[PDB]
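Residue numbers (the entry's author numbering), protein chains in the order written: chain C, 265 to 351; chain A, 1 to 254, 267 to 305; chain B, 1 to 254, 268 to 305.
Using N, Cα and C, we set each Cβ at its ideal position, and we do this for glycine too.
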Amino acid sequence: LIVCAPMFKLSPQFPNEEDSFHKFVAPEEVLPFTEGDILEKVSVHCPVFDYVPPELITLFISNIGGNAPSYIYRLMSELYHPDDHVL
Amino acid sequence: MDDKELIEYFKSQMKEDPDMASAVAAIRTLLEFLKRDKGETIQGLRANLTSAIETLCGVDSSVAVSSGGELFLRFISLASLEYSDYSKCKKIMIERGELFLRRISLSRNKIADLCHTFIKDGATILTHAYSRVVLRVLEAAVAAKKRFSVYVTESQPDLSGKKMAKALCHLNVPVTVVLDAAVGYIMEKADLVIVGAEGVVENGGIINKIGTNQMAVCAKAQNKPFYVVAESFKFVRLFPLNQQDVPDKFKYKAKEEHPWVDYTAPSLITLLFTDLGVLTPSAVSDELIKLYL
Amino acid sequence: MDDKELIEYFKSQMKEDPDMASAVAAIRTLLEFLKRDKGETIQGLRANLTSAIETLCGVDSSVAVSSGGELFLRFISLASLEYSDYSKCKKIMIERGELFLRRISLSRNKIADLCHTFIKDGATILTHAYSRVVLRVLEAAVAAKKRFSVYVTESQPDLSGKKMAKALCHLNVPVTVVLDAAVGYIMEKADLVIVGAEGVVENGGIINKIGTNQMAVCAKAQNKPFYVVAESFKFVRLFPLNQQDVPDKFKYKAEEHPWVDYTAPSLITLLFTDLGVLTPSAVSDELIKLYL
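Here you go:
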């Protein structure tokens, strides 16, 4: 598996907040409004984004070369100061 | 001062305050030994300090003591070779030791602040044995208006788990105690695992109280996260491969001998919460090299 | 005979010989009840036997008792039994029950004979808790001029592993006793795992003393064989999925302290029963054939 992504898509955060992690939209996309009274006791959920653990990624192709997933940490250390991690 | 004074001071410092680890007592004893010297040459002082550390290690056999001694030895002397008068150098190293002791004591609050945000609302937490930093983490979590349930293990042969259970009950938290052979049975209801540490090794694994390996394997079989809380002065230089590579001076306290510690591999661990930040097991190799100046 | 007489006979039979299982005691009590029943009816006899089995199961909560009673009931009725006279039918079922009792007492030796050949020379064997059939297997193996070493677990909370070790002492085999939390530490030195059983389920898994699931998982993590010894009269009809599905009348005996746990068929290698040597897939239809 290969991921193609530039450098401005790297963020100094860890997956611990969840909740607002996904992004929910109107259930109009899934079930049309013309379904009648059935739309009075049915719950519809329409997420957008998804989380993927790092054990399923093999390579990263960037604007400087190819790196293993374990190298990413080092990159962060040379991009952002640890003080400004939380605005 | 002689070795008898060293041992007496060590034991008195340990007994006076129960809420203190062995490493802090050893560091304070070494600082007191430094303040009571009369030599004139630096390497004579180095030999005296090495002998003192070796003697201190023989009383208590724990991993953290030796690492703390070595870190104290090689941190005390960043710049102590400039002037030709022994007094100035001795004063500078005494000041550096005091600064190191000051900086040691702020790690627990940082660990709790970094770790308390990983606990959900209405969750079940499993734990093993007794550890003060875990208790501090839970106190910080309950101070933020959150609810959870706790399972604990009796942790034979000293029944250390009941002490933690009694301490937990004082904070009105639902806490239950299970057997030492029912870990796999109870893993079904759990959500995450948080344990303490006794020492961090080069490849990312840990050394802890006996019984952690089976719990880690069982949690791995059912895909549950495994979290570790540790401190900076517990980093040791060792690269074990299997269970019999651990030095014998740590296994048996001073099969039927019932070894007290065991080693957990880096492939069964999710995240590590240290005072240096949050590190995956892959970054420990770099951080250990950087720390050992 | 009445309920009090039933319980008295059951407890006396259990107490007389410690080298005896609950199933044989239940079968003997049921045969005694059969030999002391009056009336002229078949349905009355069936109802009396069912009530006796229920009141026997009430006293002691073990899986083998119910299966033994059900198998007894099914077996004694597999003949003509049409005739015209009550006495002839009664004698026929009494003879069938006696033959069944004779057949039951000839399985441990067969299991030992079939299983003793799987032990290598100079090997380390890990086992758990106390079980007489494993002791018989090891006695048969040592009678064949072989050498090995044995590890056992203290088996909290009643410490039966020490009793097992003391029994093993008379056979002058090296034996070691480890803690209940040192299984993962000691798994490296072992070569094979042999455990007993308390009940065999439909899909192939087993039900045993608490602490077997973790041993099975640890052995699977390091690619070691897992062997099981069981008996024909311990096959029960049940299809559990997870640890919750086990009936509560077996979990808690007459803070959580469960007494038994269930192990899946995908963590087992072979089963040594009196029927023969079966892969876990063979039980699924051997059980169907058995419950005729």
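- With a beta-carbon spacing of about 7 Å, B/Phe10 and B/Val59 fall inside the 8 Å limit used to define contacts.
- Pairwise C-beta distances place the region 120-134 of chain B in contact with the region 144-151 of chain B, as three or more of them are shorter than 8 Å.
- Scanning B/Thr282, B/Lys145 and B/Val178 for the CA closest to the CA of B/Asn223 turns up B/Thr282.
- Between the region 16-23 of chain B and the region 11-24 of chain A, the count of Cβ pairs shorter than 8 Å is below three; the stretches do not touch.
- Taking 9 Å as the threshold, the shortest C-beta distance from C/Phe278 to chain A falls below it.
- Inter-residue distance for B/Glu202 and B/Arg237 is about 6 Å (C-alpha atoms, whole angstroms).
- Interface criterion not met: the Cβ of C/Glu342 is under 9 Å from no Cβ in chain A.
- Between B/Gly184 and chain A, the shortest Cβ-Cβ separation is below 9 Å.
- Neighbours of A/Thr124 in chain C, taken as residues whose beta carbon is under 9 Å from its own, are absent, since the nearest beta carbon is some 17 Å off.
- In the three-state reduction of the DSSP assignment, C/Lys287 falls in the coil class, being assigned neither a helical nor a strand state.
- Going by DSSP, A/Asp248 is part of the alpha helix (DSSP H) stretching over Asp248 to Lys251.
- The beta carbon of A/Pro157 sits closer than 9 Å to some beta carbon of chain B.
- When the Cα atoms are used, C/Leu303 and A/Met187 turn out to be separated by approximately 39 Å.
- Counting only Cβ-Cβ distances below 7 Å, A/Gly211 has contacts in chain B at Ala181, in chain order.
- Out of A/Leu288, A/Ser294 and A/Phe233, the CA that lies nearest to the CA of A/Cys115 is found in A/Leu288.
- Burial of A/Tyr185 is indicated by the presence of at least 16 other C-beta atoms within 10 angstroms of its C-beta.
- Residues of the region 25-37 of chain A with a Cβ closer than 7 Å to any Cβ of chain C: none.
- Assigned with DSSP and collapsed to three states, C/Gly330 falls in strand.
- Residues are counted here when their Cβ sits less than 8 Å from a Cβ of chain B; for the region 191-221 of chain A these are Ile210, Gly211, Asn213, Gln214, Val217, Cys218 and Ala221, given in chain order.
- Exclusion of the five residues before and after C/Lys287 leaves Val312 and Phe313 as the residues of its chain whose Cβ lies within less than 6 Å of its Cβ.
- Among the residues of the region 108-133 of chain A, those with a Cβ less than 9 Å away from any Cβ of chain C are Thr117, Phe118 and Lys120, in the order of the chain.
- Counting along the chain, C/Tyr337 sits inside the alpha helix (DSSP H) bounded by residues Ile336 to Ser341.
- Nearest neighbour of C/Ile325 by Cα position, chosen from C/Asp347, C/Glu293 and C/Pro333, turns out to be C/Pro333.
- Between A/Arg96 and the set A/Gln214, A/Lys35 and A/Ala52, the nearest pair of CA atoms involves A/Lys35.
- From the listed residues B/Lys249, B/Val195, B/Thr276 and B/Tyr275, the smallest Cα separation to B/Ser66 is found for B/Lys249.
- Residues of chain C with a Cβ closer than 8 Å to the Cβ of A/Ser294 are, in chain order, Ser334 and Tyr337.
- Counting only runs of at least 4 residues, the region 40-118 of chain B fully encloses the following alpha helix (DSSP H) elements, listed from N- to C-terminal order: 43-59, 63-76, 86-104 and 108-115.
- B/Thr41 counts as exposed, since fewer than 16 other C-beta atoms from the protein chains shown sit within 10 angstroms of its C-beta.
- With a 10 Å radius around the Cβ and a threshold of 16 neighbouring Cβ atoms, A/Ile27 comes out buried.
- For A/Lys15, there is no enclosing beta strand (DSSP E); the enclosing alpha helix (DSSP H) covers residues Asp3 to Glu16.
- Unbroken alpha helix (DSSP H) stretches of 4 residues or longer found wholly inside the region 184-229 of chain B: 212-221, given in chain order.
- Beta-bridge pairing by DSSP links C/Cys268 to C/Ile325.
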